[PDB]
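Residue strings, one per chain:
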Amino acid sequence: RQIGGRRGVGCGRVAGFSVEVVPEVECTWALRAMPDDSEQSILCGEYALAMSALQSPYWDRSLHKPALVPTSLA
RNA sequence: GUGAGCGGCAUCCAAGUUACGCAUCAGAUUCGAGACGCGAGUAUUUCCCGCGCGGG
């Protein structure tokens, strides 16, 4: 029903959604927090080393790890 | 377990005081209730309008 934080006060209601099959050339799934030793070939753009979780929950500070985070997305 | 989860912009406050729509300006100049209804013309048929009868 809602996207993002502050859902309790009604922020980010979903009007609709769509899932579409697209060619890989359009964009990749790598625009996320990658492992430290992730292969360079699969990375899209510049990745800056930072501390982040690789699995949900990403807010758990005990699960944080040195990870590659895309600079063009943070 | 959507860097998620949880969280009052809320409380209080005078638009009010004072201020002349007023001073001046002809509804005036002309003209009749006094005039208007027939005592107007001969005798018996003539061209005609509707068709014995209505009628120039």
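Residues numbered from 1 in each chain as written, not as in the entry; some residues may be left out. Chains lettered and ligands numbered in written order. Part of a larger assembly, values for the part shown. Heavy atoms only, no water.

In its metadata, the entry names cryo-EM as the structure determination method and reports 3.0 Å as the resolution.

Draft legend 1. The arrangement of the overall build of chain A in detail. Per the secondary structure count, chain A includes zero helices and two strands. In summary, chain A has a C-alpha radius of gyration of 15 Å against a globular reference of 11 Å for 74 residues, an excess of more than 25%. If you line up chain A on its principal axes, its C-alpha atoms span 40 × 35 × 20 Å. Burial status across chain A gives 19% buried among its 74 residues. Intrachain contacts of chain A at a sequence separation of at least 6 include 23% that bridge at least 24 residues. (Helix = DSSP H or I, 4+ residues; strand = E, 2+ residues; numbered from the N terminus. Rg over C-alpha atoms; globule rule 2.2 N^0.38 Å. Buried < 20%, exposed > 50% of the residue type's maximum accessible area, 1.4 Å probe, protein only. Contact = heavy atoms within 4.5 Å.)

Draft legend 2. Spotlight on the protein's contact with RNA strand B. Every residue near RNA strand B is listed here: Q2, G5, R6, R7, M51, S52, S56, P57, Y58, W59 and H64. The share of sugar and phosphate among atoms of RNA strand B within 4 Å of the protein is 27%. At a separation of 3.0 Å, a phosphate oxygen of RNA strand B approaches a polar backbone atom of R6. Contact distances for RNA strand B include 2.9 Å between a phosphate oxygen and a side-chain N or O atom of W59. In terms of residue class, the surface near RNA strand B is made up of four nonpolar, five polar and two charged. (Near = heavy atom within 4 Å. Polar contact = N/O pair within 3.5 Å; in protein donor to acceptor, adjacent residues only side chain to side chain. Nonpolar A, V, L, I, M, F, W, Y, C, P; charged D, E, K, R; others polar.)

Draft legend 3. How the structure looks around the environment of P70. Mapped onto the fold, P70 is located in strand β2 (residues 65-70). Taking the relative accessible area as the measure of exposure, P70 reaches 3% and is therefore buried. Separated by 14 residues in the primary sequence, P70 and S56 place their C-alpha atoms 18 Å from one another. Those residues in contact with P70 that lie beyond four places of it in its chain are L31, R32, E46 and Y47.

Draft legend 4. Quick look at the nonpolar core. Listed in full, the five residues of the largest apolar core are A30, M34, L43, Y47 and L68. Leaving out residues up to four positions away in the same chain, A30 has contacts with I42, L43, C44 and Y47. (Core = buried A, V, L, I, M, F, W, Y, C linked by side-chain atoms within 4.5 Å.)

Draft legend 5. Layout of unusual backbone geometry. Between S56 and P57 the backbone carries a cis peptide bond, its omega angle lying at 0°. With respect to the helices and strands, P57 occurs in the loop between β1 (47-52) and β2. With a phi angle near 55°, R6 is a residue other than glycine that sits in the positive phi range. Here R6 shows up in the segment before β1.

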